[PDB]
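Only one chain is included here, represented as structure tokens and corresponding to the form deposited in one PDB entry.
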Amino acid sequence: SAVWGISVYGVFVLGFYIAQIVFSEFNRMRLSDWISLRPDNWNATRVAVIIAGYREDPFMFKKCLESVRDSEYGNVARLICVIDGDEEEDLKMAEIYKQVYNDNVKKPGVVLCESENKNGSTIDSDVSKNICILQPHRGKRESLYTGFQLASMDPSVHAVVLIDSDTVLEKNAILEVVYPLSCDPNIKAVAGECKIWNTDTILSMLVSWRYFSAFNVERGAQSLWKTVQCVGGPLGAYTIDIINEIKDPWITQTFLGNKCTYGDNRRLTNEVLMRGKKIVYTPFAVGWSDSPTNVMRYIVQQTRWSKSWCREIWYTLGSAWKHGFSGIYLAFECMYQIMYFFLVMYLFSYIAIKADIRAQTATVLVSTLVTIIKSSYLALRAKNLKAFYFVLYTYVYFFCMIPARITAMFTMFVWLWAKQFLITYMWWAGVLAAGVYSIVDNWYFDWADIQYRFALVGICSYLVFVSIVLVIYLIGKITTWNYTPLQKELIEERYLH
């Protein structure tokens, strides 16, 4: 049964990845075909840029503002900055905004989504001047709603670009993220690429390639059928028409009789999906964000994301009937995402309980081969040799995403720490206990048996491969070869500041 299980797991994990690669290539081909027909100096869409932030890094916030102002798009209405502030510690961002754009920081005493008159004209009069609002701290959804209302009060605005306060945009990011809206009339949202620039630590270095894979391959596969499940927070274009009709249900959201304060962009893309509309993904709109370098902060972030995913997967599954064919792909992806977690958990439990050295070695070898193939494709697509670091993302997944998923599932059905990391510590202790039990139960040496020789040689080779990859990473870190070209210049400017 071990051979059947391992072969089934390998075919299940691969194959789908190959199909996703093919679909992403087709989506990129279609995007290139659309772009090649674009006229030069095309600015037919009038957009408004909305930025929402809460106590951001003043250096990175200034970099984001300057990257927005240094864009080469010829049709920009104005910049709408919303700060979840109104307090003394939050004027440090208003000062940055005044340094970059102007002294138009309006400070209303009310949150627009909690007032009787939610029209944007209640807190702003002139629609031509770039605006900054210092709103009382409620959340990201409230700041986004205020930005939506300030953008929709201009009758000439057709679309909106949503970026984070730590997102550094390329010069053509806005154009490349708003162009696909004008190709198909049924397209209402576009998702750009998000790239990790602080690839200096090992965790961030692995998360950068996880981001690359998850955006490019997966979102391209989704965009071939125009059913992208989540629009990236750091960069996303929305139609004002869909915004004006999904902003209220998305802001007055209650799940199991309580307010929802996570998955702000996942729920927005969901609301777009459940109305039968289409979302695409463009690899040519690129914005740079960063990743957590600490494991525990990453675990909290992944717990939040897993909570959002658990909340939204049922609505995504239930809204698949109004897409017809190519909505079958959405349901298949949802079922695959559901089944993958249980497949990994069951495989780990079965292999651990039945302490067979052949099964363990075969499983680790198959997993290593699969991630080697995936990293080879990633290196081919990115034209970068550092994409082979992705072979070590299995450790990050096993030790961070499974605890986060289990914690989110348990939450959705001293105590503050026990509600965040108790399950993670239990999982780590269980993995250590399983390893110790296997080592103790398989404590013998027999070089006259070719099966024992095979198992020992395989496990030793896997350990040597992991050590070689780690040594290569350390060498690259010492010489700063792992540094993203944006990271080097960011460090250089921050030194002179």
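For every residue, the number given is its place in the sequence shown, counted from 1. Superpose the two forms; the largest set of C-alphas matching within 1.5 Å is the rigid core.
This next part talks about the form deposited in another entry, which is not shown.
Residue showing a CA shift of 2 Å or more between the shown form and the other one (rigid core superposed; candidates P180, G220, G263, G236): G263. Superposition of the core reveals a Cα shift of 2 Å or more for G10 between the shown form and the other one. The rigid-core alignment places the CA of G324 2 Å or more apart between the shown form and the other one. Relative to this form, the distance between the C-alpha atoms of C260 and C310 is increased by at least 3 angstroms in the other form. The pair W288 and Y262 is at least 3 angstroms closer at the CA level in the other form than in the present model.
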